[PDB]
Amino acid sequence: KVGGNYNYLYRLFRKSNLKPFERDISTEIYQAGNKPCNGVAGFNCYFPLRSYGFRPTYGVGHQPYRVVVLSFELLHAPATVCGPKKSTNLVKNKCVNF
Amino acid sequence: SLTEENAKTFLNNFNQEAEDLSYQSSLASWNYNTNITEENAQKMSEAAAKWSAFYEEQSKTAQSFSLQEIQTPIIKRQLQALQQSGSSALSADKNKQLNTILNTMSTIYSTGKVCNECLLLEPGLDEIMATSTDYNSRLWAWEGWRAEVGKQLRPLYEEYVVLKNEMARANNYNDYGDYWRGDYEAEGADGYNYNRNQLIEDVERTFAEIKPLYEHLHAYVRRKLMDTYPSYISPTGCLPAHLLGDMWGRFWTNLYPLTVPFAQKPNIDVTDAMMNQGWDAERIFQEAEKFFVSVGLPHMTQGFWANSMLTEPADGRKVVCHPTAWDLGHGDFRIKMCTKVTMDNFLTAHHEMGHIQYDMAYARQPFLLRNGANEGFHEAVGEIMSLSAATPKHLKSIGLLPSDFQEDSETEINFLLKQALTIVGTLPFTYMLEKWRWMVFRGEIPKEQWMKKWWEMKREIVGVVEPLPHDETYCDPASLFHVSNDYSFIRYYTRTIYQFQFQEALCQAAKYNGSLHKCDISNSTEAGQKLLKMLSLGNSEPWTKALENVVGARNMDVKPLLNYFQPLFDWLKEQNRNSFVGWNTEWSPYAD
Ligand SMILES: *[C@@H]1O[C@H](CO)[C@@H](O)[C@H](O)[C@H]1NC(C)=O
Ligand SMILES: *[C@@H]1O[C@H](CO)[C@@H](O)[C@H](O)[C@H]1NC(C)=O
Ligand SMILES: [Zn+2]
């Protein structure tokens, strides 16, 4: 958006890194220093979630990029998602491989 | 639990907010410049005010992290680049008084007029001092200007100097000069550490090496002016201040028609050749892009061709219309100029494109370090590009000069002289002005001997004499733009030296055999990757290391400068034989 699409958020600070396929949607102030924060932002107490200033005037490295990840799971459970398959001859009066 | 990680996180948050606020402010400024209106101007002012408030608040909150505990060099440098307060050190009363005096001086300089006709600075005074060749026609304007503007700014400048000195002292400094000399202060290892006081000893040393060439050029200019000014020039005297082609004499380029080595072979101008082929602004910019890609530099952004204002807008928009290279951030680089098919603009396009290429280099460094090594480096990377793109060999490669042309000796000498009248003649003036300003801010020159010592130095360094006596009631230093409006002037000397340093350092690595001024870094991928080694650092390392990365030396070097004009140097040394190179500091045009 010309003015700026500030609706897409992203977390910049956190106590420790995440684990494989972990999600965090908490919005508590980052307790950076020893001063225990009291829900207010300021020195050593910053908001973890910031927003993106997506604009059309941006270059190619800061513009919005949509990224999807397809992860395949092969548990011992029977497979239920199998890809496609087919050909088409109902050949008669001739022995063929069916 | 250590303060280092706390400062790291604080700087991370500060940069995250700055890369947004500065971008908004720069975009508002660009919108204001595109269509200059009262609404866009208000938007720009509001954005700038918000950015300044945020920056000063962060600095106030940043001074609580002493650099002694910060161990990582990059983190300490990031914190130091922000802890500096500047003008906020003074009290509200002192700050408001300084702002009032500054704006008063700026308004008095912008609305200055000299009448006995009745013109202003830009409409009549500049053209008159540039083209006029009559003695009085220039003397009257010069005297009127330096007596009106100088005498109106003297009382305000006297208090402005003390206010700036107090401001500097409030910021742990000694004088305003030391504050201005802080940009060249480096920090690092034992070899990459530079001090402010060390510059005073270098700028002078670098000037003693250029004295012979400047003296020869001045003698030649005096001998050539003796003709047009028979009864106003002495064979062994200085040159009047009103016969230098400019109100102050910063650039002697306007003296080329009177000082021409060989008139029967004029300089080379490809404007007509550029018009015959049907070129245009976009074609010039494409040629500049091709040249900058030949050296082996990144490709321009796709937005540089869409969002950039490369040509004058025909939609009725009133633009400032002076060449500028804007780096709004987040991959946004543009160039503002009313580009046309002339040669000077063709070369300025390459000069301004250098600024964009530089901004596209240090984009990886933190926002607190997205700037050139020093004030003299940013402008030195673009000028060297024009020196390589304005040679007789490059114009033939692009197709502006037919192949049947061959480089001549007389025209080469003419071009060398025309370049020296603007590059070699502008160094002594800037050096003398900065020396005077430093000695004034330091209180070494009593306030009762300002103009006296100023004019005494004008004869010893620049070799210029006044056409009429000017006692302490005048203020000529203030009559200059950079002096009235708060701005540093030493950056030009360092820029002029560093451009030649980079030229030689990048031309010797490209295994070029010939005159230093006829170099052509095109078709040389090794000349670009070695240059990017310094453009990618910016302010992340001390300027000494950034310089050594290109030239190898860790300080100013003037030997490459004398090697650029060596042919012209020998020409002047052989032509100035029948005269005394120099000037005696007692001759006076006003005295009989
Ligand atoms: C010129 O300024 C007006 C506001 O006075 C604005 O509406 C218009 O879009 C501007 N022209 C441009 C930027 O093309
Ligand atoms: C660079 O090399 C190309 C290919 O040989 C040539 O066409 C071009 O004219 C050369 N340019 C210069 C600067 O010599
Ligand atoms: Zn410029």
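Numbers in chain B track Swiss-Prot; the residues on display, in order, are 19-134, 140-615.
According to its header, the structure was obtained by electron microscopy, 3.3 Å.
Every residue, even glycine, has its Cβ placed from backbone N, Cα and C.
Annotation comment: Swiss-Prot describes B:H505 as active site, proton donor. Residues annotated as chloride binding site in Swiss-Prot: B:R169, B:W477, B:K481. Swiss-Prot lists B:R273, B:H345, B:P346, B:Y515 with the feature substrate binding site. The feature Zn(2+) binding site is assigned by Swiss-Prot to B:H374, B:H378, B:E402, with sequence analysis given as support. Annotated N-linked glycosylation site per Swiss-Prot: B:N53, B:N536, B:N546, in sequence order, evidence recorded as sequence analysis.
B:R273 (substrate binding site) falls outside any helix or strand according to DSSP and counts as coil.
For B:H378 (Zn(2+) binding site), the count of additional Cβ atoms within 10 Å of its Cβ stands at 22 [all protein chains shown]. Ligand 1 lies under 6 Å from the Cβ of B:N53, out of the recorded positions B:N53, B:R273, B:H345, B:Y515. Taking a Cβ cut-off of under 6 Å from any atom of ligand 2, none of the recorded positions B:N53, B:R169, B:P346, B:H374, B:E402, B:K481 qualifies.
There are 12 other CB atoms within 10 A of the CB of B:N546 (N-linked glycosylation site), with all protein chains counted. Each residue contributes its Cα atom, and for B:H505 (active site, proton donor) and B:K481 (chloride binding site) these two points are 17 Å apart. Note: the chloride site is recorded as B:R169, B:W477, B:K481; in the same chain, B:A264, B:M474, B:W478, B:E489, B:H493, B:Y497, B:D499, B:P500 also have Cβ atoms within 8 Å of that site's Cβ centroid. With a 10 A radius on its CB, B:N53 (N-linked glycosylation site) counts 14 other CB atoms from all the protein chains. Cβ-based crowding with a 10 Å cutoff singles out B:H505 as the top-ranked of the recorded positions B:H345, B:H505.
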